[PDB]
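Peer 1: Provided herewith is a single structure, encoded as structure tokens, for subsequent inquiry.
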Ligand SMILES: Nc1nc2c(ncn2[C@@H]2O[C@H](COP(=O)(O)OP(=O)(O)OP(=O)(O)O)[C@@H](O)[C@H]2O)c(=O)[nH]1
Ligand SMILES: Nc1ncnc2c1ncn2[C@@H]1O[C@H](COP(=O)(O)OP(=O)(O)CP(=O)(O)O)[C@@H](O)[C@H]1O
Ligand SMILES: Nc1nc2c(ncn2[C@@H]2O[C@H](COP(=O)(O)OP(=O)(O)O)[C@@H](O)[C@H]2O)c(=O)[nH]1
Ligand SMILES: [Ca+2]
Ligand SMILES: [Ca+2]
Ligand SMILES: [Ca+2]
Ligand SMILES: [Mg+2]
Ligand SMILES: [Mg+2]
Ligand SMILES: [Mg+2]
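The structure is reproduced here in structure tokens:
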């Protein structure tokens with residue numbers, strides 16, 4: 228009964244978090260009303276990791292929905308699986324955050340955080356053995372970014388010995404709402420560097436390119452982008468939701484994936500990505516799984532080196548042939564795996580495939596090439612900060628330029644830290 | 113009669129222990145409900161099998177075993193397994209959160225909180241012993257509980273049972289089935305703090321068991337159930353002398369006397385033969401010489417290494433089945449004139465032979481076929497140091513960058529214990545080279 | 004090639020064939036190490052809470 | 008796409024093998040410390056055999072036989088020949104040798120002196136030679152006192168072949184170097200091409216220039232270097248013609264039959280100790296046998312080198328043969344040897 232408490236904050240965090248519960252609820256046989264109608268006991272084997280069991284055999288997601296605006300959360304409550312969430316777990320304000328990290332972290336968010344922690348405390352007090360927390364949010368907005376990192380800091384203060392895991396959507400000018408997104412992302416990244424154990428870097432730039440280049444979507448929407456995030460989030464959590472021995476919980480995952488405390492930002496990958504009835508062989512899954520075009524972080528793996536790798540194959544396939552293909556990738560491209568961490572590639576298999584696929588593969592990599600993502604944000608940050616552009620939105624909320632200077636230096640240090648292990 | 117207490121720590125220890133105690137009952141004719149029809153002394157007795165089984169007034173034969181795991185899932189299997197009636201609740205100890213493959217978490221953080229409970233449960237079984245010999249400790253090297261908590265238990269046992277012997281059955285880490293990258297760390301950490309507390313340890317490299325299953329059993333992708341069925345066979349061959357009438361290795365003390373002339377060098381190499389696939393309708397039964405000769409093929413050893421390029425300090429042949437001394441000597445003489453068997457000068461060049469007439473038992477429906485005769489060789493070769501070299505090399509690669517060290521320091525362990533444990537392995541490797549090299 | 008110490012019984016027999024002659028810490032100390040480690044954890048957590056307090 | 012690592016930068020032979028493998032486009036060289044390799048061109052000293060054959064999904068091959076030092080050491084070879092029944096102390100193609108440890112440290116001092124006095128009393132030739140494996144330091148003397156006193160200042164003392172076959176014109180000494188390759192299957196392949204490292208100085212049975220046929224000694228202390236043959240290296244074609252024109256015989260009958268016999272006997276002797284037939288990794292190795300031929304056309308074994316070099320003209324042909332039979336046989340891609348059956 229290693230329970231995980233889920234939190235989704237802001238527009239992006241709730242829209243993506245909603246699709247996540249919609250996807251995994253389908254894999255476990257849970258309908259929109261919380262009733263189980265599956266046909267395999269493997270669906271309920273570890274259902275309590277993400278679901279609570281109430282009266283009447285109902286399964287209630289252990290999720291907390293947070294936002295400073297009611298807009299997106301009203302859509303969730305009206306969405307497909309909106310009725311499955313616990314009504315008390317909807318914690319929202321009315322002022323909004325105006326895509327302003329300061330508002331979410333210091334002013335508006337501060338006024339609402341204590342009531343969110345009351346819900347978290349209620350959910351944790353019933354857990355037999357709490358693994359930790361997983362947060363879904365974007366770094367470019369105000370609520371998910373600003374209040375999201377505030378919650379993480381306060382959650383760590385109250386549960387210091389629990390694992391903190393996040394799915395963090397990185398902003399990109401290709402899919403941009405406001406020009407201050409680099410500011411909000413830089414401020415958040417430093418919070419994540421200190422207060423999370425595992426962060427899946429989901430780059431909206433990569434999601435857009437995959438929809439456009441690969442999936443052949445000329446005009447991708449947030450719905451199209453969230454389809455890739457749903458499939459990826461489902462893949463990376465397979466080892467936590469189904470019986471297994473590799474990375475079966477959050478702490479053991481962190482022990483295998485994080486050789487250094489601050490280098491805990493992962494590149495997720497998914498295969499296949501079809502734009503559809505053809506059967507995909509095991510060698511094909513492996514090639515696509517490691518292909519840059521299937522990475523969700525918009526970083527070139529060949530530009531860096533792999534510190535650790537977690538692979539998850541789903542479906543009825545030859546586990547013998549899986550071992551062969553995985554060993555063939557490492558043995559044929561061993562120059563991209565650091566030689567000072569022996570056997571840094573672990574492979575897990577799950578019999579239950581995702582909805583609509585005979586089999587799939589999910590890639591989780593801790594590569595030094597992720598620095599390209601932080602350099603990108605750092606360059607966009609500096610382009611504006613050097614002229615103090617748009618700072619008044621933040622100084623008006625009490626912030627000082629010094630705090631920006633420190634966030635800039637913190638991420639440039641993070642980039643330097645990745646660079647030393649790449650050589 | 114002198115009792116022996118078995119202690120199973122961590123997943124590997126529990127699951128392996130579950131396989132052995134299953135095989136013990138089949139060999140001694142004990143049913144899953146604990147009854148033993150052949151036992152005419154109801155409620156007691158000082159027979160050979162009583163060294164491992166206690167007897168209740170109702171005739172139940174209870175294993176003298178304790179299961180410990182910082183997670184409840186694995187031991188819950190035994191609570192509801194086929195032989196759930198053999199054990200009582202006091203024998204099964206479980207926590208809620210495991211060591212997360214972190215030696216420091218198993219030894220310091222979580223271990224410190226349950227060590228007194230485990231000892232109290234061990235004391236209960238010890239109080240049922242009129243003459244306790246010692247303990248047999250099953251555990252893995254790579255797991256956080258198998259490595260971290262075992263070393264703490266081995267320390268306390270030496271303090272509470274100073275005069276008792278302690279033997280290990282240790283699972284050496286192999287990437288083909290390993291579940292953590294830091295297993296080399298845990299292996300070296302646990303070997304350092306356990307070395308002075310173990311009188312004799314039988315290492316089993318999962319790599320060797322894995323290939324034997326794929327090669328000799330035609331298992332394409334062996335599982336833990338396949339590996340443990342084979343491991344319990346070797347364990348049974350090793351402990352058979354303690355559970356049956358005989359004159360070789362009659363007590364735990366005799367294992368050290370016959371296999372360990374130097375205390376630190378207490379890691380005998382085990383070689384088993386024959387391993388035949390039960391999927392073969394008919395198989396030519398191997399002779400005494402053929403199975404004995406097979407004891408010098410690296411492909412049948414529990415640890416892949418080349419004994420030809422080392423020296424022997426002792427060698428025991430444990431036969432089970434249709435075997436007579438005349439055939440053993442005829443096979444030994446032939447093997448001397450064909451094999452490279454080099455002993456150390458300060459040791460005799462010979463073999464201690466033990467023969468049990470009851471042939472090996474095979475779990476019904478398993479993978480191993482029934483055989484007329486089988487042998488397990490226990491040889492203290494310096495060649496087994498190759499396993500230490502491999503382990504120490506992987507340790508050096510990661511520790512040079514301090515990779516993953518923060519997980520251990522965060523549990524309260526000091527970084528100095530890494531280099532301290534590594535320096536001990538460095539000395540251990542040096543001891544092997546002085547003995548087996550010129 | 005010599006055989007010595009031959010013992011026979013109903014369940015088997017044992018012997019020895021020779022081919023050639025030759026040519027701990029106390030409970031107090033353990034408690035100290037365990038408490039010393041727990042003290043370093045408490046110190047590390049106190050610094051974190053101190054950091055979060057700032 | 009096979010992988011290999013290079014751990015001996017001073018190997019002229021395998022520097023060419025590594026160059027050929029890359030030229031095939033199907034081999035990729037990795038870092039010397041990368042464990043995911045198919046082939047290891049290992050170092051000469053302390054090659055970590057214990058770490059080989061433990062890579063799931065990788066067939067690993069190394070260019071050295073673990074345990075072959077017993078044959079490629081001065082003191083080891085003497086002990087192996089005397090103590091091995093396959094070779095026996097009555098070996099007829101190996102000079103009478105003895106292992107003599109320096110007094111500042113089993114030993115065969117008394118045994119050596121016994122055979123020495125027998126020759127002195129019997130009027131027979133009593134000239135011996137002292138040498139060791141730590142040489143560039145060799146001493147040739149007919150007095151046992153000088154030999155033992157020199158070692159003290161581990162060596163081996165063997166009978167000095169006082170009646171060596173002398174090439175004409177020149178009246179000079181020489182030695183025969185044969186390259187033998189043993190693959191993972193323990194096939195013994197003898198390179199068809201040999202070389203005679205001849206002395207450019209006339210032989211005098213009374214100065215080590217005309218007695219030592221080393222290529223470095225002839226090119227440094229000899230004043231006739233390269234007079235008769237280029238680089239004091241005579242290949243089999245010329246040597247065979249000389250045997251026919253002078254002695255009315257051939258290299259195959261008079262010498263090569265004995266060389267092939269000696270190669271087999273040595274390698275077949277240690278096969279049970281070094282074979283990798285049922286081992287988790289495979290080994291091959293190139294050997295360099297050195298022979299001496301007396302005036303009676305009898306071949307004598309001098310030593311066996313485990314890391315030998317090759318003649319300049321024969322590097323290409325031999326190195327290609329190494330890739331064909333020793334490397335490509337285990338890792339196929341997309342005869343200059345003589346197989347000594349046994
Ligand atoms: N032969 C064999 N090896 C096993 C078995 N179970 C686990 N292992 C090995 O043990 C190592 C991991 O140690 P575990 O015993 O699983 O971990 P643990 O002792 O439960 O400690 P925790 O980290 O707290 O879970 C891996 O290298 C596995 O290959 C088993 O049933 N049989
Ligand atoms: N017993 C012997 N009788 C005659 N000549 C001998 C001899 N032992 C050694 N020599 C001479 O000494 C030379 C070199 O001896 P040895 O082979 O031991 O030197 P080395 O090992 O330094 C050269 P390499 O390693 O290239 O063969 C031989 O080529 C031969 O001329
Ligand atoms: N992938 C994805 N990204 C989103 C979505 N909604 C917003 N974003 C991104 O998130 C950033 C805006 O943050 P937002 O979540 O709207 O701010 P918040 O509601 O105040 O926390 C921009 O960089 C957007 O590109 C979504 O549904 N999916
Ligand atoms: Ca207010
Ligand atoms: Ca009884
Ligand atoms: Ca002791
Ligand atoms: Mg928005
Ligand atoms: Mg466990
Ligand atoms: Mg030589």
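Residue numbers (our numbering), protein chains in the order written: chain A, 228 to 650; chain B, 113 to 550; chain C, 4 to 57; chain D, 8 to 349. For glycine and all other residues, C-beta sits at the position ideal for the given N, C-alpha and C.
1. Residues in the same chain with beta-carbon distance under 6 Å from residue 588 of chain A, minus the five sequence neighbours each way, listed in chain order, please.
2. So, with DSSP's three-state summary, where would you put residue 207 of chain B?
3. Would you grab the beta carbon distance between residue 34 of chain D and residue 71 of chain D for me? Rounded to a whole angstrom, and I think it's under 8 Å.
4. Just checking my contact of residue 412 of chain B with residue 385 of chain B at CB under 8 Å: how many whole Å lie between their CB atoms?
5. Closest to residue 337 of chain A by CA distance: which of A/581, A/529, A/624 is it?
6. Can you tell me whether residue 118 of chain D is buried or exposed, with buried defined as 16 or more other CB within 10 angstroms of its CB?
7. Where does residue 60 of chain D sit, in a helix, a strand or coil, going by DSSP?
8. Let me have the residue list for ligand 9: C-beta closer than 5 Å to any non-hydrogen atom, ordered along the chain.
9. Using 7 Å as the cut-off, classify the Cβ of residue 252 of chain B as near or not near the heavy atoms of ligand 1, replying yes or no.
10. DSSP on residue 143 of chain B, reduced to helix/strand/coil?
11. So residue 85 of chain C and residue 334 of chain B are supposed to be a Cβ contact under 8 Å. How far apart are they, rounded?
12. Quick one: does residue 120 of chain B have its CB under 8 Å from some CB of chain A?
13. How long is the line joining the alpha carbons of residue 248 of chain B and residue 364 of chain B, rounded to whole angstroms?
14. Could you give the residue range of the alpha helix (DSSP H) that holds residue 231 of chain B?
15. Can you grab the Cα-Cα spacing for the pair residue 312 of chain B / residue 326 of chain B, in whole Å?
16. At which residue ranges does the region 139 to 189 of chain B contain complete alpha helix (DSSP H) runs of 4 or more residues, listed in the order of the chain?
17. Determine which residues of the region 466 to 478 of chain A have a Cβ less than 7 Å from any Cβ of chain B, and write them out in chain order.
18. With hydrogens ignored, establish whether the beta-carbon of residue 270 of chain B is closer than 7 Å to any heavy atom of ligand 6.
19. Around the Cβ of residue 52 of chain D, are there at least 16 other Cβ atoms within 10 angstroms (buried) or fewer (exposed)?
20. Looking at the unbroken alpha helix (DSSP H) that takes in residue 433 of chain A, where does it start and where does it end?
21. Distance, Cα to Cα, residue 276 of chain B vs residue 114 of chain B?
22. State yes or no: is the beta carbon of residue 30 of chain C nearer than 8 Å to at least one beta carbon in chain B?
23. For a test of the three-state rule: what should DSSP assign to residue 10 of chain C, helix, strand or coil?
24. Determine the closest residue to residue 595 of chain A out of A/304, A/535, A/558, A/620, with distance taken between C-alpha atoms.
25. Do we get a CB-CB distance below 8 Å when we pair residue 516 of chain B with the residues of chain E?
26. For residue 542 of chain B, does the count of other Cβ atoms within 10 angstroms reach 16, so buried, or fall short, so exposed?
27. Would DSSP call residue 532 of chain A helix, strand or coil?
28. For residue 226 of chain D and residue 317 of chain D, what's the separation of their Cα atoms in angstroms?
29. In chain D, what lies closer than 9 Å to residue 571 of chain A by C-beta?
30. Hey, does residue 218 of chain D have any beta-carbon neighbour from chain B nearer than 8 Å?
31. Are there 16 or more other CB atoms within 10 angstroms of the CB of residue 470 of chain B, so buried, or fewer, so exposed?
32. So with CB distances below 7 Å, who are the chain B contacts of residue 546 of chain A?
33. Going by C-alpha distance, which of A/593, A/387, A/575 is nearest residue 481 of chain A?
34. Between residue 348 of chain A and chain C, is there a C-beta pair that is closer than 8 Å?
35. Which chain A residues sit within Cβ distance under 8 Å of residue 52 of chain C?
36. In the DSSP assignment, what residue or residues form a beta bridge with residue 634 of chain A?
Peer 2: By the coordinates alone:
1. 498, 512, 516, 540
2. coil
3. The pair is not a contact, with the Cβ atoms about 19 Å apart (cut-off 8 Å).
4. 5 Å
5. A/624
6. exposed
7. coil
8. D/310, D/312
9. yes
10. coil
11. Since the first and last residues shown for chain C are 4 and 57, residue 85 of chain C lies out of range.
12. no
13. 9 Å
14. 227 to 239
15. 29 Å
16. none
17. 472, 473, 478
18. yes
19. exposed
20. 431 to 436
21. 11 Å
22. yes
23. strand
24. A/535
25. Of the chains in the structure shown, none is chain E; the protein chains are A, B, C and D.
26. exposed
27. coil
28. 17 Å
29. In chain order: nothing, as chain D lies at least about 12 Å away.
30. no
31. exposed
32. 333
33. A/593
34. no
35. 384, 387
36. Bridge partners of residue 634 of chain A: none, in fact.
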